[PDB]
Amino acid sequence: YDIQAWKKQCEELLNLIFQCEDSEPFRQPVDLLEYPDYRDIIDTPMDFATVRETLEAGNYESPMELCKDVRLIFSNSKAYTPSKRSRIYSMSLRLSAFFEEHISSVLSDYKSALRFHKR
């Protein structure tokens, strides 16, 4: 029932993601010199360093907000990919499964703790 526990749990999950080779294309903002049409397809770029910095700045109020930004990294990869068999998109799918598998309990514990607070 710790309402604040999600933050360190998300920090640790981000550390695991950064160690994962599958996160390499997503660690920093997509290089617009390497992909000049990126902003023609993608309205809101997102990457893991931006997620970590937002968390560390105290700019997420809940793990659901962090989850929305991480999911945006994956949906941007899906929208930008020229193929569902592309290398970078395939890395995003594996990383998304890993993230969803690990974020589930963080969200559940947070929601449980908030419900206990409001009881």
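All residue numbers are counted from 1 along the displayed sequence. Definition used throughout: the rigid core is the maximal C-alpha set that superposes within 1.5 Å between two forms.
Visitor: Is the larger C-alpha RMS shift in 8 other deposited structures of this protein, relative to this form with the rigid core superposed, found in 80-88 or in 41-49?
Guide: Between 80-88 and 41-49, greater C-alpha deviation in 8 other deposited structures of this protein belongs to 80-88.
Visitor: Return whichever of 71-79 and 29-37 has the greater mean Cα B factor according to the PDB record.
Guide: The entry gives the higher C-alpha B-factor average to 29-37.
Visitor: State the tercile, meaning the lowest, middle or highest third, of residue 103 with respect to the CA B-factors recorded for its chain.
Guide: Highest third.
Visitor: Considering only modelled residues of the same chain, in which third does the CA B-factor of residue 9 rank: lowest, middle or highest?
Guide: For residue 9, the deposited C-alpha B-factor lands in the middle third.
Visitor: Among all modelled residues of this chain, ranked by Cα B factor, put residue 84 in the bottom, middle or top third, i.e. lowest, middle or highest.
Guide: Its C-alpha B-factor, which the entry lists for residue 84, ranks in the highest third among residues of this chain.
Visitor: State the tercile, meaning the lowest, middle or highest third, of residue 21 with respect to the CA B-factors recorded for its chain.
Guide: CA B-factor rank for residue 21: middle third.
Visitor: Which third, lowest, middle or highest, does the CA B-factor of residue 53 fall in along this chain?
Guide: According to the entry, residue 53 has a C-alpha B-factor in the chain's middle third.
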